[PDB]
$ cat start27.pdb   # PDB, C-alpha atoms
ATOM      1  CA  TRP P   1      88.995 -58.906  -6.948
ATOM      2  CA  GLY P   2      85.956 -57.527  -5.149
ATOM      3  CA  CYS P   3      84.099 -54.921  -7.192
ATOM      4  CA  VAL P   4      80.327 -54.465  -7.390
ATOM      5  CA  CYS P   5      78.171 -51.918  -9.214
ATOM      6  CA  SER P   6      74.480 -51.001  -9.110
ATOM      7  CA  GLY P   7      74.035 -50.883 -12.873
ATOM      8  CA  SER P   8      76.142 -52.706 -15.453
ATOM      9  CA  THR P   9      79.382 -54.692 -15.617
ATOM     10  CA  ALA P  10      81.200 -52.108 -17.733
ATOM     11  CA  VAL P  11      80.814 -49.621 -14.880
ATOM     12  CA  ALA P  12      81.438 -52.232 -12.187
ATOM     13  CA  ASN P  13      84.997 -52.860 -13.369
ATOM     14  CA  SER P  14      85.415 -49.228 -14.421
ATOM     15  CA  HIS P  15      85.843 -48.395 -10.734
ATOM     16  CA  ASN P  16      87.028 -51.607  -9.073
ATOM     17  CA  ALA P  17      89.355 -51.440  -6.070
ATOM     18  CA  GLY P  18      91.058 -54.709  -5.178
ATOM     19  CA  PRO P  19      90.824 -57.967  -3.199
ATOM     20  CA  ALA P  20      91.989 -56.119  -0.086
ATOM     21  CA  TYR P  21      89.560 -53.221  -0.483
ATOM     22  CA  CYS P  22      85.759 -53.335  -0.521
ATOM     23  CA  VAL P  23      83.615 -50.987  -2.611
ATOM     24  CA  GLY P  24      79.844 -50.852  -2.973
ATOM     25  CA  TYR P  25      78.404 -48.645  -5.706
ATOM     26  CA  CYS P  26      74.882 -47.641  -4.683
ATOM     27  CA  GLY P  27      72.258 -45.235  -5.991
ATOM     28  CA  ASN P  28      68.743 -44.075  -5.141
ATOM     29  CA  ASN P  29      67.315 -47.529  -4.435
ATOM     30  CA  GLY P  30      67.639 -47.481  -0.658
ATOM     31  CA  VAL P  31      70.077 -47.481   2.253
ATOM     32  CA  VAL P  32      69.836 -51.274   2.389
ATOM     33  CA  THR P  33      71.090 -51.655  -1.181
ATOM     34  CA  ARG P  34      74.064 -49.392  -0.480
ATOM     35  CA  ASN P  35      75.015 -51.927   2.194
ATOM     36  CA  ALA P  36      74.362 -55.074   0.159
ATOM     37  CA  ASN P  37      76.789 -53.811  -2.483
ATOM     38  CA  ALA P  38      79.715 -53.293  -0.111
ATOM     39  CA  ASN P  39      78.790 -56.681   1.352
ATOM     40  CA  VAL P  40      79.495 -58.374  -1.980
ATOM     41  CA  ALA P  41      82.838 -56.607  -2.371
ATOM     42  CA  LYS P  42      84.058 -56.697   1.232
ATOM     43  CA  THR P  43      83.510 -60.458   1.074
ATOM     44  CA  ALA P  44      84.874 -60.892  -2.450
TER      45      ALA P  44
END

$ encode --input "start27.pdb" --output "structure tokens"
Amino acid sequence: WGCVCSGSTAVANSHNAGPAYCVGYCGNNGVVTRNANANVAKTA
């Protein structure tokens, strides 16, 4: 189960995806962050 969110846990699981899929919820923090997120899921 690889699901990350750039806010809270309630929203993190709200979207989710799966152990086979990788999702990285980003915002207006920076391009780097948008990548770090997907990095935590893609690996999860």

$ residues_near_point --input "start27.pdb" --point "(82.4, -57.8, 2.6)" --cutoff "12 Å" --atoms "all atoms listed in the file" --output "list in words"
residues 1, 2, 3, 4, 19, 20, 21, 22, 23, 24, 35, 36, 37, 38, 39, 40, 41, 42, 43 and 44 of chain P

$ atom_distance --input "start27.pdb" --atom1 "CA of residue 17 (chain P)" --atom2 "CA of residue 34 (chain P)"
16.4 Å

$ atom_distance --input "start27.pdb" --atom1 "CA of residue 28 (chain P)" --atom2 "CA of residue 6 (chain P)"
9.8 Å

$ axis_aligned_box --input "start27.pdb" --around "region 30-39 of chain P" --padding-each-side "4 Å" --output "AutoDock Vina command-line options"
--center_x 73.7 --center_y -52.1 --center_z 0.0 --size_x 20.1 --size_y 17.2 --size_z 12.9

$ residues_around --input "start27.pdb" --residues "residue 5 (chain P)" --least-positions-apart "6" --cutoff "7 Å" --atoms "only C-alpha atoms" --output "ChimeraX atom specification"
/P:11-12,24-25
